[PDB]
Each structure stands twice: as structure tokens, then as C-alpha cells.
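Please read the structure below before turning to the comments.
Order of listing sets the numbers, starting from 1, for every ligand and every atom in it. Just so it is clear, the values below take in all heavy atoms, side chains as well, and ignore hydrogens, waters and symmetry mates. Residue numbers begin at 1 in each chain, while the letters A, B, ... track the order of the sequences.
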Amino acid sequence: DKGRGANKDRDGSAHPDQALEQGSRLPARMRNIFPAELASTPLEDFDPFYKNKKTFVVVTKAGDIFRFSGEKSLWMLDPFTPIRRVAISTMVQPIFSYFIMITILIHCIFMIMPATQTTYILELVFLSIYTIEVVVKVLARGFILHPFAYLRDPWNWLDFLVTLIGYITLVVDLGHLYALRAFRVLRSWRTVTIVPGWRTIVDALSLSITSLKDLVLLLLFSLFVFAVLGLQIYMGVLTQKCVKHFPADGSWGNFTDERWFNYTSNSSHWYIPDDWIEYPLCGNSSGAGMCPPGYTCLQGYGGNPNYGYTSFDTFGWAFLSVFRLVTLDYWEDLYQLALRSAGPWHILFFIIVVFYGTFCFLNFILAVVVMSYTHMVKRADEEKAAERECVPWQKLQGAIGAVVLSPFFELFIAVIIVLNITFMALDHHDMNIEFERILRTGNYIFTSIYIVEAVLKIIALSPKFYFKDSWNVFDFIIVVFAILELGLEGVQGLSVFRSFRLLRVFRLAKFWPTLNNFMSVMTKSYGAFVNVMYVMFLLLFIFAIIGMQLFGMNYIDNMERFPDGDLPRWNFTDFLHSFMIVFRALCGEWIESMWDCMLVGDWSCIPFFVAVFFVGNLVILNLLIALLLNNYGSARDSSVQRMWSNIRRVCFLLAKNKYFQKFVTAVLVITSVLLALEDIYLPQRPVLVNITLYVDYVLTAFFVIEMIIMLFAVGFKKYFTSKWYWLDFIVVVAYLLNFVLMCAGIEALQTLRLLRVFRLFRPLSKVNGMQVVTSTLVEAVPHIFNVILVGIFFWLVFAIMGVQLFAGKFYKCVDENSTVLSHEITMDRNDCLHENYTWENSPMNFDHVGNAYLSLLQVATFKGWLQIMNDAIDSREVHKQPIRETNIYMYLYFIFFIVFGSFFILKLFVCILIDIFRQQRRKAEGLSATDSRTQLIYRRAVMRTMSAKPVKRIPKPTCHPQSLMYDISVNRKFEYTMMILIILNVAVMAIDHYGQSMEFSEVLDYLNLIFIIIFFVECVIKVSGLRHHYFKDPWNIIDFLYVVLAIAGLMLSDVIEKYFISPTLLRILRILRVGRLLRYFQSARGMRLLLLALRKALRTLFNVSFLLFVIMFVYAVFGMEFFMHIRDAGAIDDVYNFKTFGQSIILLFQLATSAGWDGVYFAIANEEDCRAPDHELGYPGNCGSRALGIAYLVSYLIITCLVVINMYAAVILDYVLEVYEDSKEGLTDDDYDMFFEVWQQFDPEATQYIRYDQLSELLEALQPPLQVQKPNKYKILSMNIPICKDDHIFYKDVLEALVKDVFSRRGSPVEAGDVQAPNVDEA
Amino acid sequence: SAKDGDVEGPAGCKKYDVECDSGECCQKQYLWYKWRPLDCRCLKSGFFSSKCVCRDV
Ligand SMILES: *[C@@H]1O[C@H](CO)[C@@H](O[C@@H]2O[C@H](CO)[C@@H](O)[C@H](O)[C@H]2NC(C)=O)[C@H](O)[C@H]1NC(C)=O
Ligand SMILES: *[C@@H]1O[C@H](CO)[C@@H](O[C@@H]2O[C@H](CO)[C@@H](O)[C@H](O)[C@H]2NC(C)=O)[C@H](O)[C@H]1NC(C)=O
Ligand SMILES: *[C@@H]1O[C@H](CO)[C@@H](O)[C@H](O)[C@H]1NC(C)=O
Ligand SMILES: *[C@@H]1O[C@H](CO)[C@@H](O)[C@H](O)[C@H]1NC(C)=O
Ligand SMILES: *[C@@H]1O[C@H](CO)[C@@H](O)[C@H](O)[C@H]1NC(C)=O
Ligand code: NA
């Protein structure tokens, strides 16, 4: 409307074009001062040659009017065909922009190769070709001086500055920088314009970054609050070590003086166990680190962990640690480095920062990326839709075709393909001689059957109808390659040709239709995935060349800083290593790489790894979820009848009461906390053993008396047909079976006593908002079962591939201390076992496809994969020693699995729960499923009118000082002044650092004395002026709690305080008071729209987390019964284990975000060098179970991390769409709050009526979208606003007639009539 | 006794890392400072290929 309003306007009046180009259009017009034969819209082809094809360009302007025309410059130079005409014809050639594009692709190749003598001589050539190209386009346009010049287009600001940087580097200019040379790769961003359909992904990427402006300011605010909060309670805490006591003898003299400090600062006196790199932390709290005997936990000696980079000691390092906790990478280290030194009750710091950081604010990022991509696909689809609108030979063929066409020969090939997939999965390492023969002689039978069915197919159908369909031409490639595996059975080079047996797995895609439907979506919209995947690897290419030119020579020069003095496996030293340290940070794992870029370099790694994590993970991996969302989203019987029916009369009345149902729920909750109290201490608690024994007798009679009552109430037909009563009946059987065995000598099975925690789920679903949460998980379980089966299929292809690449190759020679001998000592198993060493295998391997399934789970979650990829790169042959970094191109196997198995299969879980939740939340609000998204906007704006009530002004008191106490307690000057003081009170807490001084500590101690005096007057004014309405706002309580506990700290020194009035609780009430800011920004429309969608989601986000804790409760009581007696390995130790319930909850919370499941698996599945249990002596055995550890962890990871964490993303996504649909078209909830905020200043008493002369005053005081400015009177004259018989009008009549105004001015087509029809139905 | 290469079993049989056809592999072998019992196994070598040689249990 506006941009095409200046289409012919400035091209008619300001300056016309000098040419045009759309489909081989090579004219050169002018600005009508000396023009030459442009057009008169006659679409003629008479005079010239380029004017002849201009009719074909205008015939292309009849179906494709505005897509390709090249708008030339203004004239602005008086160039009436000089040599500038040569440049305007050179510039528009299709071979000119094919030529510069090829030199970019060649100059990218000479960046992955190492630099040599000829590398410098091509930089002379490429800078020459890129500078003719900047001279042509400026000798064919302007510079910036007129419109439509060279520097007016954003692609020309790229290829100009990058040419100017190449001038300063190549020819000697300024000599000294050399860091700008890394930025020469940015010219290869314009190679995105080579793949068809590029503008939809590049515009959705630019629309995302523009729309993430008001989220970053809200994330940077909340990261500021959590990093002051973590600064105040964790300062100096990560330095706590175990220090040995000062002796009563010895090399240090006996006098206890500052020789204590000499002895204590000595590093040889800090406890470290043997062959460990870092010192173990410890604390004095209850379930903390627990220093060995002869030691004491002390602060202030040595450094913080992770080369000193993990700390809360300054505001800088606290901001980085709070940011890696919002991100979620390696957070289980910081979580375990903080609860070991501070104690287990500090899980509450980590629950809040994970709930508000990564479960809320990182799903607002996903919701913005999805809306930006959906807005571009919606534009592109409607723009394309406008563009679219012999006698025996014939005898046997009727007989051969009689069996082939029928669906019985099609069944027999389906059985053999399933049987062929089974024989490829049974191949493994170390097979015996007869079982390996079955797999060879079955290969000969499968091959000849595929040959017979491919020669009975061309005879039956036709030789020209066989090549018709695409499944017969894929079946024909299989029988060609199977001949090559048998013709080249033993000649040479047959490793390549037997790899193409894996393509027979994809022949299952024709028969069963769940996988067939999944393949059709990949072939329908494929180029949308090609654009996202090419933009993904091109950004990775740019961060990889930038990385090795900036951080590359630090790894070689300062190599001595690394702990052994050698390079890590992950560095920036060449191209493939730089591509993998950057691909790793795409996947969400950036901080261990940032730790040693910064150990060896400087501060410049901190903007690098944040920017490659931001663009790569939070935008590009979410733009791939928005792509799967738009493509995969779719006697005398009547004498006993009177007695048996009075039994069912009593029981049915009793089963429906409120008090009977609350009594049953109270028994189930209390007895389930009894179940969390059997732990490793329950033997030696003899009174608790008897209570546990008697509750099992009450419940085995309570479960029977209740079952009989529920069986008279609901009957046999409706009891045994419901899934809640098959849950109850299994617990009744499992407690009668325990009562039977206990009488008959046998001790009762402990795994059947724990079954009564499942009876906890039925009253959990009765909580206020739990019905949308649990109905989605029941509707989604047939959908996510089909994503398991399809994902088990695609991981079978990479399991049988990875067994054939790596089986038997993860063996290595191993010394006494489990360290790996290098080669030149032992090169094979002969040399290893000749010198009594051990030839061990890795615990995570590809030996059979059962082990391979478990290694691919571990690289898909990115938890354990660093060790698996090291074994594969080192592996060379079967009985040979692995050499470091030798099979380095096996990284490409893992890139294509992570792309197709983790970025694609696991995101279909997020896709399902988003689609199920929208339609269940619609079902819970009574809305109809067949209402297409516009009629629900108008229905939502009318239901808020019927529920609207004007609020009453707080009564102003009339006392002697209390008039002014109301005057100043209400003005915006005083309520903004006291908000600036809260911001300054807390920004002064940010300059607190560890070990500051006694005088820096006293300046700030005096400033806190001034603010508490100021905050005491501001408390006494707002309590005087607002006498009991002061306590109605929840931020006035936290103001009032803080001032009371701060005055009572400054006095009352002779208290018996033992953390009684502790300063840690005062520091939290200083900072929690900042959140008054969240209700003061409303002029920021983009934030107020995003805090509104959060506030409406808080109820059902609390219900996802309370479902989460019950799933953690059930598995903690099961994990204590399984893994309480387990030897320490990997992650299980004296602090983090399954011994008690609270210690189990520390583990299952960490493990809910999948963090560290590989090292938890290593302990609870350990079946080697342990001790068998000894029942009749009193010993339980320290053995794990492999089968029970897999069925416990794979169970928790898919139940809690793949579906219930993904429920947070579904709920956020649903409300951000509804709130932004309100701000654009309908009316937000905060717009009805501002009507009654203006309404109460025209009736303070809420007399619910205003004077008629007050209404033209009213509409001037409203702010848009409801306002009507001057002259509003004649629009009031059209709203018609029915008046009562006092010239006073009702509030709803004003509010109803203003909703109809917003919908009429904004939408023409169906907006007024559908809004007025819904208001008649609701009244 | 216990020479660094020794076999038990019938006269003429396959020693360690020598290709076996499903029998004909020696009863016992003295390698690495013990008597190990030998067996015929098929170990992985290439895509869907395995050479079958005498290897200890
Ligand atoms: C843990 O508790 C011990 C003992 O209460 C504390 O040790 C004292 O530390 C001070 C230095 O701050 C020494 O001068 C004392 O001699 C130590 N006392 C004893 C009995 O050894 C230790 O500071 C506490 N650690 C904390 C709070 O992190
Ligand atoms: C360790 O290897 C050595 C040779 O590398 C083996 O050699 C024996 O060593 C013992 C002493 O420990 C001598 O008494 C024997 O004479 C050596 N030879 C033989 C054939 O046994 C030794 O067997 C290996 N260690 C063990 C425990 O077996
Ligand atoms: C630590 O203690 C040892 C004890 O002999 C002493 O020799 C050494 O100088 C001390 N200091 C350091 C930094 O090792
Ligand atoms: C005290 O210990 C430090 C290191 O812990 C050492 O450098 C210093 O020499 C010691 N002081 C003496 C031995 O007087
Ligand atoms: C194992 O113990 C120490 C620590 O690594 C080392 O000095 C020793 O050489 C190792 N190897 C042995 C005892 O074979
Ligand atoms: Na990391």
C-alpha cells in the first residue's frame, strides 16, 4: 500500500530507472530527459533486439508481474551513454553474477587447505577480481549520494568492507592488527543466494533477530538478578578445601602464631586423593563434603575450580556461571560443585534458575523463532498460490502376471525383507563357525530371490512398465549391486560394494505405511530442509575459518599451559578440528571449549563462543523445529432383590461423598511418605521397623474393604473396564500376595510393596489445573509410540553401519593404573600380553547392535559421546593398538547421525506435544474444534466484556497528618522515586567482590544504613495513608518484611543468634524486592506482551512441575530399593548416591535434564569385581545390574526428558501465540485493565455510571487501541450508547460500543458482523 | 618343559591365528605363560566379511 505507493511516484517524479531486467531484458532507458525507447505499455517488439525481448519481459510481467525486475539507479550523473553504458550492460549480465559467485566458491576451497607459497599469490588474484566488481557497480551507479546507489543495498555493504579489509592487510597498511584478516570469510555469506527458495529462510532468520530485541533485555535483567543473588550466597564458597591440622611437633615449630598461616597456605597440606587433578571441595553443613579425619574445611586457599573460571567471587564470573546454568551445559558439574561445599538445601537455588531460566526464557526464544518462520511461509504460500491460479510368450505372461500382481507374492517378499534385516542385525564380532555360516548361506538365498522376483516382474508387467514406477527402479539398483558383491566376491576392492546391502533396509518403507507416510513428508517439502541445512553448515564454515585464524596459533605457542603439556582432542589448530569445536557448540556444549581457548589466549573467546552458541543453537536449531512444525503437524427373588440392592444403595452413597474421598486420599499420601523413610539407616532404627510393619497390615485390609465398597458401587462391568480400577486391583492382588507369603514363612517381596505409589496418580489428576496436563499425555502416547518405532528404524541403519565400522576395534593395551600404553611400546595384543599388561575393551562399544543402540543413545543426548568419538577416531584394525587421532574422518559418521537422529527424530517429540496441547486446551475451555482462529478472537474479546467489573478507589482518610499521607503515597512522582532507589540499592550489591577490604566494606555498610532509613519513612507513609489496603499488594508485604527484619538487625545485639536473624535471609529480601520493575514497564510494548503471556501460563506451568516431582518421587523410592548397595564408580560416591530419599532427589533432578546419565549408568550397571550378597550372614552385596540399570535409565530419560520437559515448551508456545494474536488484531488483557484505570477517575466510588458530559472527556483519556481523539463527538453520535433515565450511562454500554469500534476500524471483510452477532448470543 | 610354542591334541592341527575350518584346531596351546584352550572363531574384517581363524577362548 505504501511501498508501491512510491513505486511509480518517485520513478515518475524524482528519478526514473536507467534500465530493467527480468527474463533476458537488457535494455538501457533513461529518466525521460534523453530517453531511448523504454515502453508505453503496448508490449511491442518492433524496433530493437532488447526491446523485442522486452515484450517477452512484459509477457513475463503478465504472469510474474513483480518478482525479478532490476530497478536501476537514478540518473544523477548526466551520463547520456558514455562508457558508463558499458558498465550498466556488464552489471546486469547473468554471467557476471555467475562469475563472481564461482570465485567465491574457489576462494573458500583455498581456506580449508593449509597456507603455502601459492596461497599468498592467489590472494593477489582474488582481491583483483573483487575490486573490478566494486568499480563496475560504482561506474554503473552512484556511491551513496543519490537513492538507488551502490552503498544503499545491504549486500553491497558486505562486499565493500571486506574488500577494504583485504586492502589494509595485503598492501601494507597499519602493520599491526592482523585480527581483521579472519573476517575476510564473510564474503561467502552471499552464497546463500544460490539454492532455490533461499529468501524464506533468510527472511525468517532476520525477522527472528529483530523480534528478539525485547527478550534479550528481559533475559539480561533476569540474569542480572540471579547473578547478584548467587554472588551474595556463594562468594568464596568454591574455594573450600580440606586442610591438615597444625601439628604438635614437626618441621613447623611448636608455636601457634602466623606460622599456622605458613603451614596452611602450603599446597602439600591440602587434601587431594591420588591420581586426581583437582582438589575435592568440602563444607561444614550436614550433607556436605565431609573432610577425612585429621582435616578441616577452610576457605581462602588456592583457586576456584576449572582453572579459576568457575566462581561466584566477582560480578563478572558470577554472570558467566549463572549463564551456563540457564544454558544447561555441563551444569551438573557446577550443581555438584555447589551442593558438596554448601549443602543439599541449596537445590532451591537451582530449581528457581532452571524453572525461570531454561524452562521459561529459553522457550520464549523458541516461540519467537516459530512465529517468525510461520509468518514467512504464510506469505510465500499465498504468493505462490496466486501464481498457480509370441504364442507361448503371451501365454505365460497371463500366468506369470497372475501371481505377481496379486497381494500374496507381495506378502512373501515382505517376509524375506524383514528376514533380511534380521540377518544384517545378527552380524557381530567373535562369531562361532556354524552361526557365521547361516548368515552367509542366507545371503545367497536372499540374493537369488531378489533376482527371481526382478525377472518375474519385467516379464509380467512390461520392460517399459517396469521402469515406470520408482519402487521398481530402486529394487533394480539392489539386484545390480548384489551381483557386484558376488562377481567381485573375492577379486579386490569389495569393501565399497558390500556397503550397499544397507539399502535393502529402506525397502521396508513400501510395505508398512507408518514409515511410508513419514517418507512422503520428506519428499513433499524437501528444499525447505535443504535451505536450513545449507544455512546451518555455512554459518559453521564461517565460525570455523574465523576461529582458526584468531585462536589457532595460541594452541601451539602457549601449549605448555595444558595439564599434560599436549594439545587436547578439541582445538583450533587446523580446519577439521575447528569445524568440530564449532559444531560441538551448535549442539549446546560451549563452555569446556571456552575454558581452554581462554587459558591459552585472552578475553576474545568469550564473545566468540557466546555468539556461535546464540546464532547456532538458539536460532538455527529452533528454526528447524519451526520447519518440522509446518510439515509434520498433520426365595422369591424380589425378596432378596430388596436386600441386595439396599447393599448397593449404601455403598454407592458412600462412594460419592466428599469426606470419604478425602479420607482415602489422606491415607494414600501419609503412607507414601512412610515409604520414603526406608533407607540405608532403617536397620538400626528399631521403632521405625515396627511402624513400617504395621502400616502394611492396615493397608492390606484398607485395600480390601475399599475394593469391596467400590465393587458394590460401580458393579463388575464398570470396575473391570476402567484403567483406574485395573490400577487399584493390581495393588490389592500385590498386597494379598504379600500377606499370603508372610504367613507361609517367606519374606515379603519388596518390589511389590512399592506398587502403592501408583495409586497416587488418581488424586493428582484432581488438582485445579491438571486436566489439560494429563489429557495431553494420554492423547500423545499413541503419537509418540509411532515416533519411537520410526526412530528405532532409522537408528537401526546407523547401528548396523556402526557395528560394521567399529566392532572389535575399541580394544587397547592398558597398564597397571588403567592408563593406555602408546605405540612404539605395544603395537598389538601380542606385545601387550607378552609383558603382563591388560588388553581391555571400552565399556561403550559397537560390538553387536545391542551395544550399538546404547552408544547411539549416548551421542544423541550428547552425554558420554566425547569418549565414544575418541575411540572411533583412534581405532585402526582388530588386534592393533589404537593411535591417537589417526582415523580422523570418522567424525563424519557422527555428524550425519546427530543431524538425522538427534536434530530431527528427537525434535518430533516437541512437535507432538505442541500439537496435542493446543487442541486439549481448546477442549477444556468449551470452545469448538471447528472454528478457524478468527471467530475465536472475537469470542475472546466479548467474554472479557461480560466479566469486567470497575474497581473502587481506596478511601482517602480524613485525619490530621493522614491527608498528606494519602497525597504523596499515590502520586507517580513518589512511586517512581522509590523505584529508582530500589534499583540503586541492588546495583550497589553488585560491586561486592571476594576479599574486598575493611574500608571498602565500610563505605558500603554506611550506604545500606542510609537506604534502610529512607525505606523506613516510605514504609510509614504508605501505611498511614493506606491503612489496611496497604497489605493488598504482594510487593508491599515484601517491602514491609524487609524493613522490619532490617531494623531488627541494626538493634538487638544481645540475641542468642545461631543463624537466628541471619544476614543471608536479609540479602534475599533486598534482591527479591527488585521485581516491582516487572509491573512498571508498560511503555515497552514488546516486554509487556511477553510478561502477559507468562502470567497467564503460570498456573499450568506449576502443574507440569508438580507432575514432574511425582515422577521423581516414584522413581526415587524405586531407585533406593534397587541401587542403595552399590560400589562407588563414575558418579556414585559418598555424597551423590541412592542411599536416602533426599540424596536420591538430588540425583533424579539433575538426571531429569539428562545431565550426566552416562556416569550414573557406569555405576548402577556395574557387574564386575563386586561381591555377591550373603543373606544368612547379614550382607547385601555391592553389585549392580546391567539389565535393570538400562530399563531404569532409558525409562526415565524418555519419560521425563523427552516428553515432560517438552511439555514446558508446549505450554509456553500456546500462550505466546494467543497473546500476540490479541495485540495485532483483537484486544489484550492489559487493555481492559487500562479502561477501568481511567474509569475510576470519573467515578471513584465505583457508582458504575458516569455523566454524559464526562464521556467526551473519557475517550480523550483512553490510550489506543480504544481511544477516540478530537473531534470525538460525531463518532459518539454513531456509537448510540443507550442512556438510563438520569443522563447516566452504564459502564458496559461504553465498553461494548468501544470493542465494536476496534473491530470495525481494523478489519473490513467479516469483522463487524461477526463481532455484533456474538454479542447478541451472549446477552 | 613349556616351550614358547607348544600344542596338545592330534598330529597336524591349526595353531593360533591360523585359519580353521570348523574343526582341526589344536586342543591346547602354550602362549603367554599359560596353557590356553583354543577354539575356532570368526572375527570382523570389513563390511559383512569375517575371516575365521583359531583364537583362544
Ligand atoms: C568449618 O568449621 C571449622 C571448625 O569450626 C572452622 O575452622 C576454623 O577456622 C578458623 C579460620 O576461619 C581458624 O582460625 C580456626 O582455628 C578453625 N577452628 C578449628 C576448630 O579448627 C572453619 O572455618 C569452618 N569452615 C567454613 C565455615 O567454611
Ligand atoms: C610376568 O611376565 C614375566 C615375563 O615378562 C613372566 O616371567 C616369569 O617370572 C617369574 C617371576 O615372577 C619367574 O619365576 C618365571 O621363571 C618367569 N617365566 C615363566 C615362564 O613363568 C611372569 O610369568 C609374568 N607374571 C606372572 C604373575 O605370571
Ligand atoms: C610446602 O611444604 C613443603 C614441606 O617440606 C615445603 O618444602 C615447601 O616449600 C612448601 N611450599 C610449597 C609452595 O610447596
Ligand atoms: C611460608 O610459606 C610460603 C608458601 O606457602 C613460602 O613461600 C615461605 O617461604 C614460607 N615462609 C617461611 C619459610 O618463612
Ligand atoms: C602406577 O603407579 C604410579 C602412578 O601412575 C606410577 O608411578 C607407576 O609407574 C604405575 N605403574 C606400575 C606400578 O606399573
Ligand atoms: Na562443554
Protein heavy-atom contact under 4.0 Å for atom 9 (O) of ligand 4? no
Give every pair formed by an N or O atom of ligand 2 and a protein N or O atom closer than 3.5 Å, one pair per line with both atom names and the distance to 0.1 Å, or write none.
residue	atom	partner	partner atom	Å
ligand 2	2 (O)	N836(A)	OD1	3.0
ligand 2	2 (O)	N836(A)	ND2	2.3
ligand 2	25 (N)	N836(A)	ND2	3.0

Ring centroid separation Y891(A) to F579(A) under 6.0 Å: no
Is the distance between the ring centroids of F575(A) and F541(A) under 6.0 Å? yes
Evaluating non-hydrogen atoms only, which member of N262(A), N266(A), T264(A) is closest to atom 11 (N) of ligand 4? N262(A)
Below 6.0 angstrom between ring centroids: does that apply to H993(A) and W317(A)? no
When you compare the side chain of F350(A) with that of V353(A), does any pair of heavy atoms fall below 4.5 Å? no
Could you check whether atom 4 (C) of ligand 4 has a protein contact, counting only heavy atoms that fall below 4.0 angstrom? no
Taking only residues two or more places apart in sequence or in another chain, which ones pass disulfide bond (SG atoms under 2.5 Å apart) with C291(A)? none
Enclosure of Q27(B) CD (heavy-atom neighbours >12, cutoff 6.0 Å): no
Any salt bridge between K863(A) and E589(A), counting N to O under 4.0 Å? no
